[PDB]
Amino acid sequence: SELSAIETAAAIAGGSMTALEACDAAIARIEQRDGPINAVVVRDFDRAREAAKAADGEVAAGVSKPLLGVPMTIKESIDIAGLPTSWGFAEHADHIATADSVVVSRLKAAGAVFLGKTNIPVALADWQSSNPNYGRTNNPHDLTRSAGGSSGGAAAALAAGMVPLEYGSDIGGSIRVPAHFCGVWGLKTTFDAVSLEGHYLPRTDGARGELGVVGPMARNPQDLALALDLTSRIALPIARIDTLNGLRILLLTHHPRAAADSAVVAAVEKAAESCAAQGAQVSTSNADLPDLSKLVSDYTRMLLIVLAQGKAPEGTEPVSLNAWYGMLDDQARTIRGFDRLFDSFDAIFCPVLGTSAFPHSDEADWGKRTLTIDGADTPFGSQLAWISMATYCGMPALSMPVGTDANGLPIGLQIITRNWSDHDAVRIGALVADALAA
């Protein structure tokens, strides 16, 4: 493959290459590779090479920083000063951000260089990345399939080797699902651990909502861990895990509210037997597991209120504030349920989604889509079940590649750890990957 973000940084810091050559190589890969993929839909190449020269002025003057001169892109829905943030809305094509987002400001502070931004579905509301401003992003592994969404272009740029680092957002699996579909690494972070300032509905500038998070995306866990330390509000607890021996794993290949294809089950199951072969204690049932079906209903109820900003259609009565406060009480009760579960487990292993990447759908209404699972059509939206646990209850959740299905399409494993243990999620993935090579 290509240089990782850390390897790029270290090459720039040893002499092997200049930030501006690094920036020009990335530009080269994007132009040579993005034609059929359409992942880098906002390009800031001229300014990017200026800041690359600026980065080289620093290196020539003794300066070092963990990402100095490292080229990267970011999800279109995160503000970069001077660049559109439209979220795919035609009405906001020309909404130009005035201020870097906090994530961007943080990575810029660490010396990174921003070449542009990556494609998203309209309103960040799909497991595909398609919109009238930029068009559609195609899975580098099979151009007839979805790149995932809403962070789909991010994952596709990573998978195609264009840039070593990205940063996405997830309120309904939009980091994990595209990483899963495209065969790269994506970390949904603990709720409220990373600032969403600059991840603004276009032309707004308010408070972060419940549920949603931003987190990094990369080709490897080392880059994720570094990107996390550079962007979290405060420094998060370092990884306590340094071996799979004795690691306690809750393996969930069933969900009461969604099916999984047998290839996906096999992939996740194999990742767990592989860990076991290194000492892990793998369980398949526990009485402290919260009601996953009630969880899906509570999460969905709250997801639709959040996305609608508390509004309801004409004739329909909105939720009262007090009822909303009751919904947060419910959410807190469920969260305590997982606190008790993590007294007995270090991680949950489960699918990210019940299928690998599906063929492009032009059907806007999820209720009219299907997904083929084990040869039969099943409801498309049911699959939110798999990503509901970590979003609703706040936990960090890694999506990492662990296999390919029979058509060559990536399959990812979801690793859920306890709140604030984001670095243990990443570290356990790193160890799953060693174990599967063994």
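From 1 onward, residues are counted along the sequence shown.
Engineer: Tell me which stretch has the larger mean Cα B-factor in this entry, 128-136 or 280-288.
Structural biologist: Per the PDB record, 280-288.
Engineer: 218-226 versus 148-156: which one carries the higher mean Cα B factor per the record?
Structural biologist: Averaged over C-alpha atoms, the B-factors run higher in 218-226.
Engineer: Quick one: which of 206, 354, 326, 186 has the biggest Cα B-factor according to the entry?
Structural biologist: By C-alpha B-factor in the record, 206 ranks first.
Engineer: Per the entry, which of 397, 70, 411, 385 tops the list for Cα B factor?
Structural biologist: Each of 397, 70, 411, 385 was compared by C-alpha B-factor; the highest is 70.
Engineer: What third of the chain does residue 246 rank in for C-alpha temperature factor, lowest, middle or highest?
Structural biologist: For residue 246, the deposited C-alpha B-factor lands in the highest third.
Engineer: Going by the CA temperature factor in the PDB record, which third of the chain does residue 170 belong to: lowest, middle or highest?
Structural biologist: It falls in the bottom third of the chain.
Engineer: Taking the C-alpha B-factors as the PDB entry records them, is residue 108 in the lowest, middle or highest third of its chain?
Structural biologist: Its C-alpha B-factor belongs to the highest third of this chain's values.
Engineer: C-alpha B factor of residue 345, ranked within the chain: lowest, middle or highest third?
Structural biologist: Answer is highest: the recorded C-alpha B-factor places it there.
Engineer: Residue 36's Cα B-factor: lowest, middle or highest third of the chain?
Structural biologist: Middle third.
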